[PDB]
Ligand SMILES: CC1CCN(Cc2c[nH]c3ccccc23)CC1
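Take a look at this one chain, the form solved without this ligand, written out in structure tokens.
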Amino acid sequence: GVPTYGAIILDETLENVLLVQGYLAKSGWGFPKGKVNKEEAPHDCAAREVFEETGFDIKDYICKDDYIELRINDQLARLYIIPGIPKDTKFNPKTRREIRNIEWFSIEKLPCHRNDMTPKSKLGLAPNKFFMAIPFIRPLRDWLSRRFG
């Protein structure tokens, strides 16, 4: 699959992260990210996708070595970590045709796994609106503990 790039944006307290909500198949909440274009550098794709989805330009803030990368079903997703962005920042996507809403979420309240259905003796996982963000949460919390305190 084609690699994806984006950002995990945190506020100044390091408490909260910015998630975006799409439509249809992308109807839940997830980090801003998207597919890399031909010959485009990872940092440029991340900034591009983040600016298209949030209206916020991370180019002056990206640190090259500060990201979380996950390979999920053979697609690689790398989110650059961008702390310190004020919570009163005005985010607006380029078009409401792709992005429904943009919100801050408390990191400590976000799930870092989906719940099974053991109550009902049924296999699998219950739906969770944070399903695209979930795989990054534990690695983010571990990364913040290491790199900050």
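The first residue of the sequence shown is number 1, and the count goes up from there.
Not pictured, yet referred to below: the form deposited with this ligand bound.
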- Message: Please tell me whether any heavy atom belonging to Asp116 falls inside 4.5 Å of a heavy atom of this ligand, as the geometry stands in the deposited complex.
- Response: no
- Task: Considering only heavy atoms, tell me if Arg96 and this ligand come within 4.5 Å of each other in the deposited complex.
- Result: yes
- Message: Since only the chain is shown here, I'm wondering whether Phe91 would be in contact with this ligand in the deposited complex (any heavy atom pair within 4.5 Å).
- Response: yes
- Message: Taking this ligand as it sits in the deposited complex, is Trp104 in contact with it (heavy atom to heavy atom, 4.5 Å or less)?
- Response: yes
